[PDB]
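Enquirer: Residue numbers (the working numbering), protein chains in the order written: chain S, 286 to 510; chain F, 71 to 389; chain R, 21 to 90; chain A, 4 to 306; chain P, 21 to 34; chain W, 508 to 703; chain G, 132 to 420; chain D, 3 to 77; chain E, 3 to 79.
Each residue gets a CB set at the ideal place from its N, CA and C atoms; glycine is no exception.
So that we are looking at the same thing, I have put the structure below in structure tokens.
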Amino acid sequence: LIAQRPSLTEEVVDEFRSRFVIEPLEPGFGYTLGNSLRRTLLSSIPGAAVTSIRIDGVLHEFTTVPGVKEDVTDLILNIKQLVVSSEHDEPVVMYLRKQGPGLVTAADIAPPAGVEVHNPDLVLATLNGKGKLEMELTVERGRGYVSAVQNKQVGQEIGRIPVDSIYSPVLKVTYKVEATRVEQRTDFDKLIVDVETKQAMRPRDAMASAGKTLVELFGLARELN
Amino acid sequence: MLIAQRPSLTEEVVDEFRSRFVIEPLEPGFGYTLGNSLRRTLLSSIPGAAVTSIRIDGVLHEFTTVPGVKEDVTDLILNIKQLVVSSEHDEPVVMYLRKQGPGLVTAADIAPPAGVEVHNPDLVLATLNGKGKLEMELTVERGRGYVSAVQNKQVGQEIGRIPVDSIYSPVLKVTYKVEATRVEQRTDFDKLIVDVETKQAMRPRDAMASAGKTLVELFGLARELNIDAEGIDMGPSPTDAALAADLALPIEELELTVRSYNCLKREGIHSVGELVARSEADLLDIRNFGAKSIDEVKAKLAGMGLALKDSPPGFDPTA
Amino acid sequence: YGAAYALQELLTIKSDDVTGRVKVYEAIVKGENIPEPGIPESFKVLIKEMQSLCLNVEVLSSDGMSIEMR
Amino acid sequence: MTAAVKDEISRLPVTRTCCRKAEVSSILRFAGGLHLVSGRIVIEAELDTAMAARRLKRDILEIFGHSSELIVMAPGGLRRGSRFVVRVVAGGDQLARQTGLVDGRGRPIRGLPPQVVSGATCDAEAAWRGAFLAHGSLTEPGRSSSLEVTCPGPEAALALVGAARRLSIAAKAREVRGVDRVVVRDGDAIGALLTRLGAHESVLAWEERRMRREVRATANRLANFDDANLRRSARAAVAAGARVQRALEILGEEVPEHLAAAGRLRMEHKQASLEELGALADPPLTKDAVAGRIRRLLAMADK
Amino acid sequence: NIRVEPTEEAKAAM
Amino acid sequence: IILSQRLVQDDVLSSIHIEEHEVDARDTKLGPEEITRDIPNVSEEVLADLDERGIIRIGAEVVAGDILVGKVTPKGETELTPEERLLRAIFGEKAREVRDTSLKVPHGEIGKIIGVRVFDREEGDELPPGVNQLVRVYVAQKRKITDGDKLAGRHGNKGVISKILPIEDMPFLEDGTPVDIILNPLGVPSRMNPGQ
Amino acid sequence: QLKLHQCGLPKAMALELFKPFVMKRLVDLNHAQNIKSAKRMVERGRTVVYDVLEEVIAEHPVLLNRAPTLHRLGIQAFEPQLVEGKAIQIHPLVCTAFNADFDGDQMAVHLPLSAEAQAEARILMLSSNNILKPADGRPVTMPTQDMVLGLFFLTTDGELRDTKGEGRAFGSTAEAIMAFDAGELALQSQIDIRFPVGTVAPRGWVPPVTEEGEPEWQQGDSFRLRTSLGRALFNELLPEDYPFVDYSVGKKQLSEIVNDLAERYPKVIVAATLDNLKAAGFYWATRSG
Amino acid sequence: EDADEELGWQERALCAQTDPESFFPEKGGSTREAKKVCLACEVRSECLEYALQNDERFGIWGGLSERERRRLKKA
Amino acid sequence: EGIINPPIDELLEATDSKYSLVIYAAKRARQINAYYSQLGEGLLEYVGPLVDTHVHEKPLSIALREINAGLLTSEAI
Ligand code: SF4
Ligand SMILES: [Mg+2]
Ligand SMILES: [Zn+2]
């Protein structure tokens, strides 16, 4: 019987990639913890995302703006990959305005205070000499994937276009267990969880949130006595 | 974020030592995140004590039969393995069984030393015929989970030692399943059912509590990375959520002696919370004091159970 | 299968019993017993065509008396 | 007094679904309430009757599909009532919405639900059954009687009056000190109504009582029916003397001089009025003194 | 061509 | 076939479908039919997305039962049953003598309005004889992949999606890459198409 | 996840099929004042309408049919339940009876109305009372694919497998499972397992351990057996009275077992055993490799 | 609530929960009861407007009798 | 629970075959439904149910439960 308790340490591979090493666990007990952490990370990590738009001269998705090279149904696919973070529990709004020829990168949006656009290099559209773009993007907070239909408000406007929302800052999570067989006359596991996030928060915060959620969930079983 | 629907855990009892717990309603998913974890923690993360090896007599390895006893070596080893014991010594402890003559040698004939106990004396270990003798030795020690005789084979060779599989974990069999449960709201809300079966020593509820505590510690290990990190908030903890109906109510009292209520109203007490704590000194020092008034603010004050000088919740008045 | 009532309702009060469809709808809406099926319209159309072919089709009761189907 | 009639009413078997829905709606509208909690709604119903609580519970569960609690904490709060409070927590919002208490996406409903009103006459009979079970009083201001039900507002009182009209009966709404009720003064109408509700044994007992008692000619008029009313208040003082004999069964607990003298004067001069009794005191004491003394004697002999 | 009716014993119980 | 939720998140298998609804105002014995938003007896809320000439607005979202084009057809003199006449007398709603035949979306249809094309016989359009006016309305909707939709490959391997699992609970490679589709191997050998 | 007597209807089809019943029910519960308002409420598709539908749909069988109807088992009565989608859900076992594949096939649903029709669809045409085939008498409601494979991989000999253990003695099947969870035992390795006093010894097994002065009984004899863990897990699916199988179970053996169960046991037990076999076969086919 | 729809001001009439016969007295009947009831109804203004628009000289609407409605309509 | 309750084997111990059981249960169900429909109006010969019921239970299920419990008898006319 071992009296040693498991301990966790962190290593940084990239600014948005970390390896968390947990050891020593009981034999045949690392895969379960790793998979539970992976499920929690990929499922229920809160974030912020765009939830609707409206353009100056557009009434529905299935049309095109004079002067831009993309349909209004491709701008939507381009702004779905728009990684943002928000601090206001209300539906914040930001404005995009561009005139003249050139590429409308994500760096051309004017976020208000408390919200950010974390990848100011995504290309949203390209305008010729006779085209101008003016639109407003609504930012909300949530978790998981919320479809456009669920984003429809009651009695909305004619020009409001709801959009699919992906409230998830975690990009790729994996794990691996090494059977250490450490020299204590016994065998034990060593779990290593590799976490990569999409440049919205560091993996440490994602792991902390997952741990908080799992602790809250298991507390109900703990207090059964 | 807020879960908006706190799950609940409910137990059912099938036998003396068999239970069936239900957790519901879990969010979509989450029936598999904490099902395999609970099962494995129950089956491999609870301390126990068990027999490690036995020394039947000065003569053995004649696996055909042990002289004097009806059964054979394998049946004897299985019967020993069924034994349930509890121990407190970290080091191995040796006890002896010295039944003699014809009859049925059972667990009650063992002579455990101090610090160890056998919880099922009625278990039958063998049958002796023809005035046979059975002078057996059992070594007991603590551990976790199931560890086989492999990993217990001793390089040092002793004539009579025979290692046996050790079942340390109190819980013997755990199964789980998940189902859909929601009708009012959207479907896909998970309900988790876990069937637990243990041995005579421990009840399923204790095993569930220990597993939950261990998992909570394990995941707090990771939550410590950044304490100021948002997660899924259950919100209304049942204890204080229920006790808010009587502990932090603005009304000091509803039914009580009018004299005492009037005296304490205009003296610096509005909500019962301000009075529950630091009661003795406040009632003593200031002009407002009473000898038998304690009976009206100590016993009858406990609308649903409460003593004074108790920490009150909601210290911020919701003015 | 040997299910006669299911077949009879599938052939009369769900397809052809003109006066039976409304009665069964009313019975369900008012929460009472479904009424007995009648005689389908297709049989009457067949008899009319056969009579139009100068054939003396007629239905007889227990005694040798015609019913005339209204 | 009334308890027997209410028991006869409640024990009666009711079959038609509309009548049961109407009775449940009426009982929930008179002697029940909504208690907003946690942003949702819970329904409570406090009944001062033996089994009508079971009747309401069963009717709710069967015709509406809900499960009740039936906590027997007394309604008065002093534990003396020993009367039953039935509660509905889970789904009580739907019970409130589909019983008629609250509808239209707005505040609760002041009077009876619109569905109980404008229904077959049997439905009005059910409405009276429920209303008379919730509250009620079968008073006898003299030899002829008068029903009474304290409705929770003028709208409910007027609705009950209208429902009575459909039963051919005569009803009168009334209000005093801001609390209002429905009164049917005529004794024959009282019997007619109490027959419709369902009670018959109680009807027979009331009919024999009033018929025998009322036939006491006193020339009507003032000073000839007024003296009859002085004698009727003297019979009320005879009931007070029965309370005094209840106090005697209790022994009165070794009462002091004043109350003993007052009780003795009341008993010996069983017909003398309070003023007349007071005139008999050695130090002439006013009607007020005897009034207070009888008040406090009744208070003491309450146990 | 049957006739269904509760037994005498069953009627009394209810 | 089992699918991943990613194929629904990223519109990998989503497609736009368009339908057209056509209605014409023609001539009748009791006078011509007209297209207008002055429908005889309709709660005003329905006539909210209709424009000046009674044709739904471009960009409006329709659901089953909605009105696309407002049309009124005359019916002439008729005799009402006693109950209907008594009810009308109660509520005093004078009959208009023209009923509604407006064009409505069929049952189980949704989508936005893409285009409205209207032809007038009095504007020189070559409408057939006895057709005063014609109008066509286009409704478009984007469909995502859902269970019941049929998928297939190039080797004659087809099947209907019977499940769409979350991304987390999908068999994932050693580096955390979930698989987007799971196919039964029992169908490969017996069908003799090892090409897949 | 369905049982042998259950089917899954999309809520649109269910609502359109049961319209009069739901109208009457929601008029009864005062969710509407009259049939006109109830009809409008159902047509507009409110929320409580589906809550009422979920309870008017209970214990009302529906006939499921697939054209062409080559034999009487092509029409079968199922108990419906609402599912979220636009496609029906069919238990995997009845497919063979319907000759139904899942590559675009369609089926039709009919609704019995009267008490006689419901009684016929409930007693005569029920799905779990039609195990055998009228043509020759062999079961058709039997595990067919990915279940035969699972129950075969489970109950088979370790010819070329990495059979580890092969000589260990276990005091119960729970201990064997605990040893298997750890990388110590194989699902097909031959081990000595002791069974409780409830199990029935294998058909044959005429000799117990040779004794003297005290015999063994056909039941209540705590007997050790040389068998694999997979065979014990398989036998934990059959009824409590069924003798131990202890041999490889392909499709012929499984067909014989199902025929014996149908002949010797009530219908409810047979349906429960079939569902147990279905679930276990799917699980172990997933874990088969 | 979840109704999400209103038919009009009729649904919010207090008199619906009260004796409908009290608003049409007979043979010398009184008017205090119905008039008192109307003064608490929220849609009283709408009821009076509807009564004036339809110009019906029977019953009492908006808390006014037929004679009061005539006098108001005179202007 | 559900449509498989009571079991067919137990029910068949009270009749001769499935065909007769169908008519037996159907007639009992019609009697129960008629009793419910006309319960409010004047009394009629219809009786039952003879067993504990639910809020809104199908009369056929109640009839089958009564048949299984042994509270009914079928004659020949
Ligand atoms: S004002 Fe009109 S709606 Fe209101 S209570 Fe009076 S009559 Fe009824
Ligand atoms: Mg096919
Ligand atoms: Zn009635």
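Starting from the C-beta of E/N7, find all residues in its chain whose C-beta is less than 6 angstroms away, skip the five residues before and the five after it, and write them out in chain order.
Expert: Around E/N7: no qualifying Cβ.
Enquirer: A/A130 lies in the alpha helix (DSSP H); which residues open and close that run?
Expert: Residues 124 to 137.
Enquirer: Taking Cβ-Cβ distances below 8 angstroms as the criterion, which residues of the stretch 50 to 73 of chain E are in contact with chain A?
Expert: Here the close residues are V57, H58.
Enquirer: If we ignore side chains and look at the alpha-carbon of each, how far apart do G/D406 and G/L135 end up?
Expert: Between G/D406 and G/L135, the C-alpha separation is close to 7 angstroms.
Enquirer: Where does the unbroken alpha helix (DSSP H) through E/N35 begin, and where does it stop?
Expert: Segment 20 to 39, the alpha helix (DSSP H) holding E/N35.
Enquirer: Is D/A18 near ligand 1, going by C-beta to nearest heavy atom under 8 angstroms?
Expert: At least one heavy atom of ligand 1 is nearer than 8 angstroms to the Cβ of D/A18, so yes.
Enquirer: List the DSSP bridge partners of F/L174.
Expert: According to DSSP, F/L174 bridges with F/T197.
Enquirer: Quick one, what's near ligand 3 if you take every residue whose CB is closer than 6 angstroms to any heavy atom, in chain order?
Expert: Those residues are A/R19, A/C21, A/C22, A/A123, A/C125, A/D126, A/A129, given in chain order.
Enquirer: Of all the options F/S363, F/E132, F/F91, which has the alpha carbon lying nearest to the alpha carbon of F/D265?
Expert: It is F/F91 whose Cα lies nearest to the Cα of F/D265.
Enquirer: Which residues in the same chain have their Cβ closer than 6 angstroms to the Cβ of F/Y166, if we skip the five residues on either side of it in sequence?
Expert: Excluding residues within five positions, the ones whose Cβ falls inside 6 angstroms are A181, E207.
Enquirer: Put G/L135 into one of helix, strand or coil per three-state DSSP.
Expert: In the structure shown, G/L135 sits in coil (DSSP, three-state: anything other than H, G, I, E or B).
Enquirer: Less than 8 angstroms between the CB atoms is what I'm expecting for G/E210 and G/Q137, so what's the real figure, rounded?
Expert: That belief holds up - the Cβ atoms of G/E210 and G/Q137 are roughly 5 angstroms apart, short of 8 angstroms.
Enquirer: Using beta-carbon positions only, say whether W/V667 and W/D656 come within less than 9 angstroms of one another.
Expert: Contact flag set, yes.
Enquirer: Run through chain E and tell me which residues come within less than 8 angstroms of A/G244, C-beta to C-beta.
Expert: Chain E residues near A/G244: none, gap ~51 angstroms exceeds 8 angstroms.
Enquirer: What is the DSSP secondary structure of R/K43, counted as helix, strand or coil?
Expert: Of the three classes helix, strand and coil, the one that applies to R/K43 here is helix, per DSSP.
Enquirer: Under 9 angstroms, CB to CB, which of the residues in the stretch 144 to 172 of chain F have a partner in chain G?
Expert: Cβ contacts with chain G: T144, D145, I147, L148, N149, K151, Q152.
Enquirer: Around the Cβ of F/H131, are there at least 16 other Cβ atoms within 10 angstroms (buried) or fewer (exposed)?
Expert: Classification for F/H131: exposed.
Enquirer: Say yes only if the C-beta of W/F598 is nearer than 8 angstroms to one or more non-hydrogen atoms of ligand 1, and no if none qualify.
Expert: Not under cutoff, so the answer is no.
Enquirer: Under 9 angstroms between the Cβ atoms of W/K649 and W/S511?
Expert: No, these two residues do not count as a Cβ contact at 9 angstroms.
Enquirer: Would you check whether ligand 1 has a heavy atom nearer than 8 angstroms to the C-beta of D/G65?
Expert: Answer for D/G65: yes, Cβ within range of ligand 1.
Enquirer: Strictly by DSSP, which residues pair up with F/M165?
Expert: Bridge partners of F/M165: F/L208.
Enquirer: For A/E151 versus A/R90, is the C-beta spacing smaller than 9 angstroms?
Expert: Taking 9 angstroms as the Cβ cut-off, A/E151 and A/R90 do not qualify as a contacting pair.
Enquirer: Do we get a CB-CB distance below 9 angstroms when we pair G/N407 with the residues of chain A?
Expert: Chain A contact via Cβ: absent.
Enquirer: Which runs of the alpha helix (DSSP H) fall wholly inside the stretch 144 to 201 of chain G and span at least 4 residues, in chain order?
Expert: Listed in chain order, the complete alpha helix (DSSP H) runs (minimum 4 residues) inside the stretch 144 to 201 of chain G are 150 to 159, 166 to 175, 179 to 187.
Enquirer: Pick from F/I124, F/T245, F/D160: whose alpha carbon is nearest that of F/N106?
Expert: The shortest C-alpha separation from F/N106 is found at F/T245.
Enquirer: Which residue from W/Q516, W/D531, W/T543 puts its Cα closest to that of W/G577?
Expert: Here the closest residue by C-alpha is W/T543.
Enquirer: Check A/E204 in the structure and name its three-state DSSP category.
Expert: Helix at A/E204.
Enquirer: DSSP beta-bridge partners for residue 282 of chain S?
Expert: Since the first and last residues shown for chain S are 286 and 510, residue 282 of chain S lies out of range.
Enquirer: For S/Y430, which residues does DSSP report across the bridge?
Expert: Partner(s): S/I451.
Enquirer: Which stretch, first to last residue, makes up the beta strand (DSSP E) that contains A/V91?
Expert: Here the beta strand (DSSP E) through A/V91 covers 87 to 91.
Enquirer: So, using beta-carbon positions, are A/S29 and A/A137 closer together than 9 angstroms?
Expert: Yes; because the gap between Cβ atoms is below 9 angstroms, this pair is in contact.
Enquirer: Counting pairs of Cβ atoms below 8 angstroms between the stretch 233 to 241 of chain A and the stretch 264 to 282 of chain A, do you hit three or more?
Expert: Yes, the stretch 233 to 241 of chain A touches the stretch 264 to 282 of chain A.
Enquirer: Just the Cα atoms here: how many angstroms apart are F/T111 and F/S78?
Expert: Rounded to whole angstroms, F/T111 to F/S78 spans 20 angstroms at the Cα level.
Enquirer: Taking R/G51 as the query, report the chain E residues whose CB atoms sit under 9 angstroms from its CB, ordered along the chain.
Expert: Ordered by position in chain E, the residues that pass the 9 angstroms Cβ test against R/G51 are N35, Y38, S39.
Enquirer: Say whether chain S places a C-beta atom closer than 9 angstroms to the C-beta of W/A567.
Expert: Yes, because at least one Cβ of chain S sits closer than 9 angstroms to the Cβ of W/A567.
Enquirer: Tell me which same chain residues have a C-beta within less than 8 angstroms of the C-beta of G/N261, skipping the five on either side of it?
Expert: Excluding sequence neighbours, G/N261 sits near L204, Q207, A228, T272.
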